[PDB]
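To keep things clear, I will list the structure first and then write my remarks on it.
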Amino acid sequence: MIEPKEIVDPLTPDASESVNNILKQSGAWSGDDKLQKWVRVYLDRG
Amino acid sequence: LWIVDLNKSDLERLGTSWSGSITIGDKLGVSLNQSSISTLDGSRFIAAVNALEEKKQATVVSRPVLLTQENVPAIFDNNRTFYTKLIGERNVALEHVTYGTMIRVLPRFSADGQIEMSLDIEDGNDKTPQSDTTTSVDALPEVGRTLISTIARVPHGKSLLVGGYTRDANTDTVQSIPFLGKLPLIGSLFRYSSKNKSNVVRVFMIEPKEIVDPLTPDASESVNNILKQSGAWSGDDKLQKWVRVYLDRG
Amino acid sequence: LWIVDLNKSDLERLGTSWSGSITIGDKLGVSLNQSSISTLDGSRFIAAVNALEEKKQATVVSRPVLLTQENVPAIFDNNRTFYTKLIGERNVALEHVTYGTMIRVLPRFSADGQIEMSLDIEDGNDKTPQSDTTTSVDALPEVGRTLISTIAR
Amino acid sequence: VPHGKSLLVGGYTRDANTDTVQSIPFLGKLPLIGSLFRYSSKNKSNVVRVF
Amino acid sequence: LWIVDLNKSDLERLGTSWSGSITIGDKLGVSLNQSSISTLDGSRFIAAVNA
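Chains as they are written, first to last, in PDB author numbering: chain A, 512 to 557; chain B, 308 to 557; chain C, 308 to 460; chain D, 461 to 511; chain E, 308 to 358.
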């Protein structure tokens with residue numbers, strides 16, 4: 512079966528906001544690390 | 308680029324299954340649920356019992372980041388090469404396969420401030436067959452890949468869903484002996500029942516943004532805090548400071 | 308694109324089947340429902356009994372999603388490659404087969420607001436023969452595919 | 461880049477968390493004997509590479 | 308050019324897993340969580356423990 516549709520708006524909530532809820536729930540989150548926060552602060556700027 | 312991958316599973320087996328042969332007084336023999344009887348003539352009845360109850364869960368979130376300019380093609384690549392020895396005589400060669408994450412993008416600003424991109428995404432890994440059989444030592448890395456080629460246009464700071472894949476499944480079997488499987492307290496030794504369930508989700512998301520400022524704090528300042536915290540710092544050495552004073556001038 | 312796959316089954320065997328040989332006083336022998344008697348001369352009668360009653364059910368729902376623009380061909384691909392070692396001498400090569408889900412679409416808006424598409428769908432998987440025989444260790448992945456090529460609006 | 465400043469060119473992160481639980485269906489729920497039949501594993505990783 | 312690479316991990320296994328064969332009076336045999344019984348007919352039950 513085929514079901515097409517037209518996209519006019521971006522994702523809500525953002526792609527970087529739904530991932531931070533997956534990592535906190537599954538327990539794989541490491542944004543609170545003392546050693547890795549010196550470099551992950553560049554990538555998670557937004 | 309975000310690559311989110313989730314899994315879930317369930318499994319339960321409980322029951323027996325009778326299959327064997329017998330020999331009754333070297334003049335007549337009785338088989339049960341078999342095809343070959345002669346090579347299993349000296350054996351006996353087998354009551355294979357199964358009991359298991361399994362749960363599972365797995366999340367993987369991977370993210371490559373790449374920086375480029377307007378109208379300039381860029382490549383990020385993180386691969387793995389597998390070399391094999393084709394023992395010929397004439398055109399002897401080292402043949403190789405390659406698999407891994409790979410992005411090739413060509414960004415461009417529109418008139419409104421949105422960013423249009425021409426994407427070529429590949430995300431592959433190595434699928435493993437059973438390790439106990441002989442085909443794990445030869446040149447058989449079963450590779451599974453995932454290719455996406457499209458064109459999307461996102462505003463500055465927002466995001467779009469480019470690809471995706473879901474899969475749901477549920478199987479269940481029930482076996483029994485026709486009359487003995489309905490006994491009240493003895494009939495549990497003859498039935499059999501299995502189940503299965505899985506839920507897989509993979510998505511690909513794109514989030515571009517515009518860079519106008521350099522890093523703050525500097526790249527040589529965030530590294531000196533990593534080396535001091537992890538204990539790998541050697542800028543206080545008596546012997547290596549005569550040469551490391553040229554490189555760490557700033 | 309939705310790919311729905313359902314199954315159902317039923318099975319019941321119940322009964323015996325007699326097939327064997329005998330030797331009566333080293334001067335006459337009696338066979339029963341056989342063709343070869345000489346290589347089964349030292350054996351006996353066999354009463355193969357079968358008893359089974361099986362039910363089954365299986366559902367699979369798979370769904371690939373792809374995003375593109377007007378008049379732009381796009382590809383989604385989720386495959387699996389099987390490498391084999393053809394031990395030749397001259398044109399030695401790694402030969403490979405490939406199977407998996409694959410969509411190639413070319414969307415286009417009509418004048419009324421409907422979306423016409425030019426589809427090329429492939430959905431394949433790996434069929435498995437009996438594991439106990441020797442042909443499970445060589446390069447025999449029996450592949451079954453499903454190809455569809457059409458135009459819909 | 462300006463003179464003396466810096467820029468982030470590449471990058472890669474990866475996070476993972478798996479956990480399995482196996483048991484025997486009835487013997488795995490005994491109070492003091494049922495520990496000899498269960499099984500449980502875990503895993504976690506966090507990788508960061510930058511250029 | 309700076310190339311920074313960090314890692315982290317965690318792992319814990321605890322439990323048993325029963326898989327073996329038996330022979331009861333040379334007329335009937337019982338397997339448990341196996342596929343091949345004939346080449347493991349002279350063996351016993353195995354309780355693989357992990358910690």
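Beta carbons are placed, not taken as given, at the ideal position from N, Cα and C, and that holds for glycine.
Against E:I310, the close residues of chain D are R509, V510, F511, in the order they occur along the chain (beta-carbon pairs closer than 8 Å). Within the same chain, and ignoring the five residues on either side of A:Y553 in sequence, no residue has its Cβ closer than 6 Å to its Cβ.
When Cβ-Cβ separations below 8 Å define contact, B:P462 makes contact with chain A.
In terms of Cβ geometry, C:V444 and B:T441 form a close pair [threshold 8 Å].
Flagged as an interface residue toward chain A: C:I422, by a C-beta distance shorter than 8 Å. Between B:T453 and C:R370, the gap from beta carbon to beta carbon reaches 8 Å or more.
For B:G420, the closest of B:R551, B:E517, B:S541 by C-alpha to C-alpha distance is B:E517.
Within a 10 Å sphere around the beta-carbon of B:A358 sit 16 or more other beta-carbons, which makes this residue buried. Taking a Cβ-Cβ cut-off of 8 Å, the neighbours of B:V368 in chain A comprise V530, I533, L534, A539, given in sequence order. For A:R551, the uninterrupted alpha helix (DSSP H) segment begins and ends at 551–554.
Among the residues of chain D, those whose CB is under 8 Å from the CB of A:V550 are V508, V510, following chain order. With a contact defined as Cβ atoms closer than 8 Å, C:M409 and C:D384 qualify at about 5 Å. Contacts between A:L554 and chain D, judged by CB atoms closer than 9 Å, involve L468, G471, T473, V508, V510 in chain order.
For B:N340, the closest alpha carbon among the candidates C:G322, C:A418, C:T330 is that of C:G322. Assignment of C:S328 by DSSP, reduced to helix, strand and coil, places it in the strand class. Between the segment 451–467 of chain B and the segment 395–404 of chain B there are fewer than three C-beta pairs closer than 8 Å, too few to call the two in contact.
Sixteen is the threshold: when 16 or more other Cβ atoms of the shown chains lie within 10 Å of the Cβ of C:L374, as they do, the residue is buried.
The segment 497–511 of chain B and the segment 532–547 of chain B do not touch, with fewer than 3 CB-CB distances between them shorter than 8 Å. DSSP lists C:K362 as the bridge partner or partners of C:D317. D:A476: member of the beta strand (DSSP E) spanning 471–483, first to last residue.
Scanning B:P462, B:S326, B:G327 for the CA closest to the CA of B:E514 turns up B:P462. At least one C-beta of chain D is nearer than 8 Å to the C-beta of E:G322. C:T346 and C:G327 have their C-alpha atoms spaced approximately 12 Å apart. Take the alpha-carbon of C:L313 and the one of C:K363: they are about 11 Å apart. The three-state secondary structure of C:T441, taken from DSSP, is helix.
Less than 8 Å divides the Cβ of C:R415 from the Cβ of C:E423.
Apart from the 5 residues on each side of it in sequence, B:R351 sits with its Cβ closer than 8 Å to the Cβ of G327, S328, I329 in its chain, given in chain order. As a beta-bridge residue in DSSP terms, C:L401 pairs with C:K392. Within chain D, no residue has its beta carbon less than 8 Å from that of E:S326; the closest one is some 12 Å off.
Of all alpha-carbon atoms in C:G336, C:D430, C:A365, C:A418, the one lying nearest the alpha-carbon of C:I310 is that of C:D430.
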